[PDB]
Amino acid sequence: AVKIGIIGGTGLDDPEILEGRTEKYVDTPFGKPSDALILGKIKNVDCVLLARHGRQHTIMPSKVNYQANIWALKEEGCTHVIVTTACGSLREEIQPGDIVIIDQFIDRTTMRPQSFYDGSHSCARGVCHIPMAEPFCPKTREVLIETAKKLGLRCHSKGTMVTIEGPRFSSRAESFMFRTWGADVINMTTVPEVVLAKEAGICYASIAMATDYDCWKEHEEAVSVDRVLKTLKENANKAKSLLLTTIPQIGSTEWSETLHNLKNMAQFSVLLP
């Protein structure tokens, strides 16, 4: 039995992807999620959709309640979380409209709670030091990659996401610097979403859609909100088709040992008194 949480990003949070939709507002020990949970199905697979920024895109990336979002999806019974994120490209070969099935991150965030085990909640007791060597679910990523190929979509099979605090975009000196560090794409939302999913023992994967080349091409036009939203309007259908085609394959794969190993990794990461 699998149940797929879907966290929709900028321009990529369309509830019409699910059949048999029911709105459910929930609460958590960390406050309210970004919006109502949307319960529904893709073919025979139970899904839960959540708009990262609220359905009106009213919440700034620093202030998104990552804890409540992941807690809510876990509590509703999600075994997997697949998300979409709009991002800047830091590599010539990653063109606007390309999908990147990211496998690493570099944290540049500063103001964000990254753990459920913050001492303030009986629900999560102790100190948790979650391993981050392999932040994204390899098996889910493999299915996404194979499915993107079956769909004929321009897709990158790996990539390192640098997550900045925002809400400002990067300076050119920062953009250049992130490239030297080995970052391939840039956003404001992967961290700590990925970290909290791991603490929850959830199989997490991310569909990153490149929308611009940030500003590391001095000669070329720099990123702006209008440029990002334009690219997403033109390419959103690709992420939608990828999710729609991927999720039924996830539903027919065997997951008990993968989920058992995540559960164990999460459990043994906790130091108790």
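Position 1 is the first residue in the sequence shown; the rest follow in order. Rigid core (definition): largest C-alpha set, two forms, superposition within 1.5 Å.
Asks: Superpose on the core, then say which of 4-12 and 264-272 ends up with the larger RMS Cα offset from this form in 9 other deposited structures of this protein.
Replies: It is 4-12 whose C-alphas lie farther from the shown form in 9 other deposited structures of this protein.
Asks: Could you check whether 247-255 or 17-25 drifts more from the shown form in 9 other deposited structures of this protein, using RMS Cα distance once the core is superposed?
Replies: Stretch with the larger root mean square C-alpha distance in 9 other deposited structures of this protein: 17-25.
Asks: Could you find out if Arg52 - modelled in this structure - is missing from at least a third of the other PDB entries compared that contain residues on either side?
Replies: No, modelled in all of them.
Asks: Does a third or more of the other compared entries skip modelling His219?
Replies: Across the compared entries, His219 is left out in at least a third.
Asks: Please work out which of 123-131 and 100-108 has the higher mean CA B-factor as recorded in the PDB entry.
Replies: Comparing averages over the C-alpha atoms only gives 123-131.
Asks: With respect to the recorded C-alpha B factors, which stretch has the higher mean value, 211-219 or 229-237?
Replies: Result of the comparison: 211-219.
Asks: Looking at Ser206, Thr246, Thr58, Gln67, which has the highest Cα B-factor in the entry?
Replies: Spelled out: the listed residue with the top C-alpha B-factor is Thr58.
Asks: Please place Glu142 in the lowest, middle or highest third of its chain by C-alpha B factor as given in the entry.
Replies: It falls in the middle third of the chain.
Asks: Could you place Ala266 in the lowest, middle or highest third of its chain by Cα temperature factor, using the values in the record?
Replies: According to the entry, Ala266 has a C-alpha B-factor in the chain's highest third.
Asks: Could you look up the Cα B-factor of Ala1 in the entry and say which third of the chain it sits in: lowest, middle or highest?
Replies: It belongs to the highest third of the chain when residues are ordered by C-alpha B-factor.
Asks: Against its chain's modelled residues, does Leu242's Cα B factor rank lowest, middle or highest third?
Replies: Its C-alpha B-factor, which the entry lists for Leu242, ranks in the lowest third among residues of this chain.
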